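Line by line, the protein sequences are chains A and B. Positions 1 to 52, 52A, 53 to 82, 82A to 82C, 83 to 97, 101 to 126, 134 to 154, 156 to 157, 162 to 169, 171 to 181, 183 to 196, 199 to 200, 202 to 223, 226 to 227 (the entry's author numbering) are the ones given, in order, by the first sequence. Positions 1 to 27, 27A to 27F, 28 to 94, 96 to 213 (the entry's author numbering) are the ones given, in order, by the second sequence.
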Amino acid sequence: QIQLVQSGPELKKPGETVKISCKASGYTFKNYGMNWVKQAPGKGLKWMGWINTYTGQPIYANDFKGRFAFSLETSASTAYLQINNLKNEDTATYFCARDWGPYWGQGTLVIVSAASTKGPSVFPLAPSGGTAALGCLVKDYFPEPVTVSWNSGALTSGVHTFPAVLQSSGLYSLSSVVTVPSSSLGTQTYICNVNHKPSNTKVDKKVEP
Amino acid sequence: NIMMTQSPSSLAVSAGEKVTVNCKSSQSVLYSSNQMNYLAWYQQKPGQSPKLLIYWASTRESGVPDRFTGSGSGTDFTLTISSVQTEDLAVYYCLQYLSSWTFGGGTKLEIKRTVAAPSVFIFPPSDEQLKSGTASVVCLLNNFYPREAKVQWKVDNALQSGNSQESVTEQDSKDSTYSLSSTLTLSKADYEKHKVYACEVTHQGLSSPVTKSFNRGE
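Here it is as structure tokens:
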């Protein structure tokens, strides 16, 4: 296992500074340049730059010329990317990517926003023909993501957790639904497990007709 | 600086058809002393980092299935999927790595299949939410193809325009269908002032529009 482990997601305010770390393991660190790649939500991949991991010399792409600093800690085989005076257009996922071969970090989502993190409220979506649908409405949280599972992960077939939408409030909202045969309600129990790590919210909501 | 133009930007293909993606570099990426094209092709799926398919224009990465092949040289490059599989829906990127890196714009691939009509379900707002002062009404369209669908909200026969948001799942990587939710938001006071909440669904698979509805209080 050669791998690149980037640090976790960030929520920062316009004007602040963020520093993303990329940990490499399994090969001689100083022998391969490291690239940084930006992906704005819904957009393509854009190469940001490259750092010589022996000498620490950075080379910046044209569009990444001012507030962007590549650095190293050779000792720890770790490359860093610092972004200064954050703007809304810096909201994106940031990847480190090693010269030569297939190796990419898992990505670091950075959210730039004046808005504060808020936990969701969870409401039941309760029940046709032969199939019954039920669900959970997870509404008014910030920022993404919420995860949803059912019956502690023992119900997967027929589950649909939709992509969240941004409400006019500035808060996010999603639904999770599952379809089962009508005859099966009433002997079976339906619990949606909702997790919103940024606010440290964990809810188990029982849904029934 | 070497620019990369990928084409088409978007395509829809039936499973089993051949897929072709083209990449033009503004300058050659054939390094003359080793006769190697400095060009890679990537697959990227939602929430994942991109996955290398092909490098030096036509060498497969290990573990990459046979149906993916790269060809071309100089400025013209093509990624071919000889028999596209249902799980291949993704965004595909070419990358030049001869002089810095430049990614193509990406090509989004989707799957076509036989028409499949949605199941429709309507959910009233729960009482727990009504205490909070907001009323959410949800319409679900389940496991249908194609994605194109009209979902009209009516409240006591009044067309609701602009107070609903739609959400669509990723296309299923096994059977190639979508599910869609439309959610109508109202105030508690507005909700409790009306009776008939209706979700009208028009879709190529239904022989005529389908309406799921409830009276507030049944």
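Even for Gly, the Cβ is constructed at its ideal location relative to N, Cα and C.
Consider the Cβ of residue i: report whether some Cβ of chain B lies at a distance smaller than 9 Å.
i	result
A/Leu166	no
A/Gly8	no
A/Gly135	yes
A/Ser156	no
A/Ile207	no
A/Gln56	no
A/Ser186	yes
A/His212	no
A/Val190	yes
A/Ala68	no
A/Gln81	no
A/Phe91	yes
A/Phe174	yes
A/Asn52	no
A/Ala88	no
A/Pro149	no
A/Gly202	no
A/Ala40	no
Contact check, residue i vs residue j under 8 Å by CB: the rounded distance?
i	j	result
B/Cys194	B/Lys207	5 Å
B/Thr178	B/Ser131	6 Å
A/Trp157	A/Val193	Not a contact, Cβ separation roughly 10 Å.
B/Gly200	B/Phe139	6 Å
A/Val144	A/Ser186	7 Å
B/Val115	B/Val205	5 Å
B/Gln37	B/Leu47	5 Å
A/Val210	A/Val219	5 Å
A/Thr137	A/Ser195	6 Å
How would you label residue i, buried or exposed, when you count the other beta carbons within 10 angstroms and need 16 or more for buried?
i	result
A/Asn61	exposed
B/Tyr27D	exposed
B/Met4	buried
A/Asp86	buried
A/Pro14	exposed
B/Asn31	buried
A/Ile58	exposed
B/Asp82	buried
A/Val37	buried
B/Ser77	exposed
A/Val109	buried
B/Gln90	buried
A/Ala165	exposed
B/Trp96	buried
B/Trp148	buried
A/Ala75	exposed
B/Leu104	buried
A/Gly202	exposed
A/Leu178	exposed
Of all the CB atoms in chain A, is at least one closer than 9 Å to the CB of residue i?
i	result
B/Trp96	yes
B/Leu89	yes
B/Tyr36	yes
B/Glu123	yes
B/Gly212	no
B/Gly16	no
B/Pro44	yes
B/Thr164	yes
B/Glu161	yes
B/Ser26	no
B/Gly100	yes
B/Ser174	yes
B/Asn28	no
B/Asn1	yes
B/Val21	no
B/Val27B	no
Would you list, in chain order, the members of the segment 22-38 of chain A that have their beta-carbon closer than 7 Å to a beta-carbon of chain B?
Result list: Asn35.
Could you name the residues of the segment 46-60 of chain B whose beta carbon sits closer than 7 Å to any beta carbon of chain A, in the order they occur along the chain?
For the segment 46-60 of chain B, which is checked against every Cβ of chain A, the residues closer than 7 Å are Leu46 and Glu55.
Taking only beta carbons into account, state which residues of the segment 126-152 of chain B come closer than 9 Å to chain A, listed in chain order.
Listed in sequence order: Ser127, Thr129, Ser131, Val133, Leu135, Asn137 and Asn138.
Taking beta-carbon pairs under 8 Å, can you tell me which members of the segment 106-125 of chain A lie near chain B?
Under the 8 Å Cβ criterion, the segment 106-125 of chain A contributes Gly106, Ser120, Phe122, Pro123, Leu124 and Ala125.
Interfacial residues, the segment 106-121 of chain B to chain A, with Cβ spacing under 7 Å
Going along the segment 106-121 of chain B in chain order, one finds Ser114, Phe116, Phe118 and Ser121 with a Cβ nearer than 7 Å to chain A.
Of all the residues that make up the segment 176-206 of chain B, which are near chain A by a beta-carbon distance shorter than 9 Å?
Those residues of the segment 176-206 of chain B placed with their C-beta closer than 9 Å to a C-beta in chain A are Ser176, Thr178 and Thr180, ordered along the chain.
Any alpha helix (DSSP H) of 4 or more consecutive residues that is wholly inside the segment 102-176 of chain B
Within the segment 102-176 of chain B, the complete alpha helix (DSSP H) runs of at least 4 residues are 122-127.
Segments of 3+ residues assigned as beta strand (DSSP E) that fall wholly inside the segment 56-82 of chain A:
You should have 57-59, 67-72 and 77-82.
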